[PDB]
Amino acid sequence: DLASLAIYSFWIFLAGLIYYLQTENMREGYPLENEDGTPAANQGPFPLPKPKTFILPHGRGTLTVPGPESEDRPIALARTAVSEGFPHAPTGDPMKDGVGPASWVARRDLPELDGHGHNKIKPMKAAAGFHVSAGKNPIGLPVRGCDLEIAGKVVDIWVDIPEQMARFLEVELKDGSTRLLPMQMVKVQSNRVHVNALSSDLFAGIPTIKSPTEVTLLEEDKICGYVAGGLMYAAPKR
């Protein structure tokens, strides 16, 4: 029976497809590890897939996955129990150390480039022709933290050129220096920009960019991780 053969064959195919999909999804994060960083005994029934190499744009090199995994950064956490499966307590200030929801990844310390070789993200003042086309322009507005105290003022919008979208708001602090705030973590209001994630006193701690006109992937992660971490770690001040 043709139909019986077809359905029988389809299930064989589907199993093979699921096998393919699961292994393809093991190109990051595997092999699994014990809490101490050593290889876990049980890796599961799916083996690591054969490595594949991505040729990065603009001669940035290549990425081969699966590949040697490592955090490449100190992780300030310590066990809270004598057996596996329990939380690991921050050994210092989690927001400063970058752990828990304040975590960041040691990404490449270079700015992402668009298909034309120019920095993908740029402060609007340096993005020729870019301007606020709709909605409340946040530039010039005071920035309030969850402690209801003013933490600074918006001095610019950082735009993702290819997507023509706002990624960050640049905020100048009382000391004159600035910090970037993820657009997704601020609320633009008629008279101000409110940041629920951070109290005014934590703005100075937001990781700074080394060059005022650009932001690297590494800096992006440190900035976004720090702000997001505030939801949990700044709760006492909220």
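The term rigid core refers to the maximal set of C-alpha atoms that superpose within 1.5 Å between the two forms. From 1 onward, residues are counted along the sequence shown.
J.: Determine, for 115-123 and 67-75, which one has C-alphas that on average lie farther from this form in 9 other deposited structures of this protein; superpose on the rigid core first.
T.: When 115-123 and 67-75 are compared in 9 other deposited structures of this protein, the bigger C-alpha shift is seen for 67-75.
J.: Using the rigid core for superposition, please say which stretch has the greater CA deviation in 9 other deposited structures of this protein, 15-23 or 222-230.
T.: Looking at 222-230 and 15-23 in 9 other deposited structures of this protein, the bigger mover is 15-23.
J.: Looking at the deposited entry, does 53-61 or 23-31 carry the larger mean Cα B-factor?
T.: On average, C-alpha B-factors are higher across 53-61.
J.: Going by the B-factors listed in the PDB entry, is the mean over the C-alpha atoms higher for 170-178 or for 66-74?
T.: The stretch with the larger mean CA B-factor is 66-74.
J.: For the listed 102, 82, 154, 106, which has the peak Cα B-factor recorded in the PDB entry?
T.: Across 102, 82, 154, 106, the entry lists the biggest C-alpha B-factor for 82.
J.: Within this chain, which third does the Cα B-factor at residue 193 fall in: lowest, middle or highest?
T.: As the PDB entry reports it, the C-alpha B-factor of residue 193 lands in the middle third of its chain.
J.: Ordered by C-alpha B-factor within the chain, which third holds residue 128? Give me lowest, middle or highest, please.
T.: It falls in the top third of the chain.
J.: Test of reading the entry: by CA B factor among the chain's modelled residues, which third contains residue 94?
T.: According to the entry, residue 94 has a C-alpha B-factor in the chain's lowest third.
J.: Which third, lowest, middle or highest, does the CA B-factor of residue 41 fall in along this chain?
T.: Highest third.
J.: Can you work out whether the C-alpha temperature factor of residue 206 puts it in the lowest, middle or highest third of the chain?
T.: Lowest third of the chain for residue 206's C-alpha B-factor.
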